[PDB]
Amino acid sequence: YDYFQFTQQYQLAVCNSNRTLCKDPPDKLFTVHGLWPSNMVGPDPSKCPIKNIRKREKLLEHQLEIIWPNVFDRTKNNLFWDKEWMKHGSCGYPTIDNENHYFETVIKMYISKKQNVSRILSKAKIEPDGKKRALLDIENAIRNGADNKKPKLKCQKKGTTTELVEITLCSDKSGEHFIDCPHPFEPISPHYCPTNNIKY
């Protein structure tokens, strides 16, 4: 892999995204959607051969229930985390050593390193108040909490309302320094965030 994408999702909007109902009530919070070893050119790696097989402890799972829930059905959390490890975590060796280290690394980014996107936005005076916002104000807020580096944003359109859904912070191969995210969505895409009137 070349770099990492750490993607967080705003639960309220995810649960308004498609024909799959969230059986559990969402919070107005950004929690983790993925940590993806990624490639600068072409497709990202997927399902890389593993180097070890490990069991998760309850305490790790309890933190992931809070920081990385399956927002559609929390009863499917274990199989959901197993797939994130198998599809993505497995491709980050040796920076990511094993399954437990993969999830501990995500918790370290979100909590210790203050990468909780709800917190970064709140520090810039942007709360989940359901207001229409300019794209640059959301981008400026994230860059101010991420070493000036440009995030990748995902939005969705619902009727006449476009809402913010995901924010990705990208980092270098070691995951120790942020980098600008390559590959932003093109304007024709229904995942593209327009310059104005984004609801959050």
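Numbering starts at 1 and runs along the sequence shown.
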Average Cα temperature factor in the PDB entry - higher stretch of 59 to 67, 145 to 153: 59 to 67
Return whichever of 21 to 29 and 187 to 195 has the greater mean Cα B factor according to the PDB record. 21 to 29
From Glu163, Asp44, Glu139, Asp172, which pick has the Cα B-factor that tops the rest in the entry? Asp44
Sort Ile111, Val117, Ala124, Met86 by C-alpha B-factor from the entry and give me just the highest. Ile111
Please place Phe103 in the lowest, middle or highest third of its chain by C-alpha B factor as given in the entry. lowest
Split into thirds by Cα B-factor across the chain's modelled residues, where does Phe4 land: lowest, middle or highest? lowest
Comparing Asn52 with the other modelled residues of its chain, is its CA B-factor in the lowest, middle or highest third? middle
What third of its chain's C-alpha B-factors does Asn39 belong to: lowest, middle or highest? highest
Sorting the chain's modelled residues by C-alpha B-factor, tell me whether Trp81 ends up in the lowest, middle or highest third. lowest
